[PDB]
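Working notes for the structure below.
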Amino acid sequence: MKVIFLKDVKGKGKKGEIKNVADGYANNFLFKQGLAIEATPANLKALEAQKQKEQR
């Protein structure tokens with residue numbers, strides 16, 4: 001369960017940072033609450049697209 005922490009945690013996770021936490025922790029704490037989400041293309045993309053500004 002790669003994990004996109006949407007916010008930082010106890011000095012471990014970081015804003016929308018994608019890394020796998022405890023493959024199950026990911027969905028049993030960060031996802032079911034408000035720390036991260038199941039790293040998935042559906043979302044992972046937005047994390048980068050959200051960083052699009054004026055370069056085209």
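Each chain in the structure tokens gets a letter, A, B, ..., in the order shown, and its residues are numbered from 1; ligands are numbered from 1 in order too.
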
Taking the chain letters and numbering used in this document, name the residues of chain A that DSSP puts in strand (DSSP E or B), as an MDAnalysis selection string.
chainID A and resid 2:5 17:20 36:38

Backbone DSSP call of helix (DSSP H, G or I) for chain A, listed as a PyMOL selection string
chain A and resi 25-34+41-49

Near residue 30 in chain A, counting only C-alpha atoms, which residues have an atom at most 12 Å away, once you skip same-chain residues fewer than 4 positions from it, shown as a list in words?
residues 1, 2, 3, 4, 5, 6, 7, 8, 9, 13, 14, 16, 17, 18, 19, 20, 21, 22, 23, 24, 25, 26, 34, 35, 36, 37, 38 and 39 of chain A

Between CA of residue 15 in chain A and CA of residue 41 in chain A, what distance in Å does the model show, to one decimal?
17.3 Å

Mind pulling up the distance from CA of residue 52 in chain A to CA of residue 10 in chain A?
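Atom-to-atom, CA of residue 10 in chain A and CA of residue 52 in chain A are spaced 28.9 Å apart.
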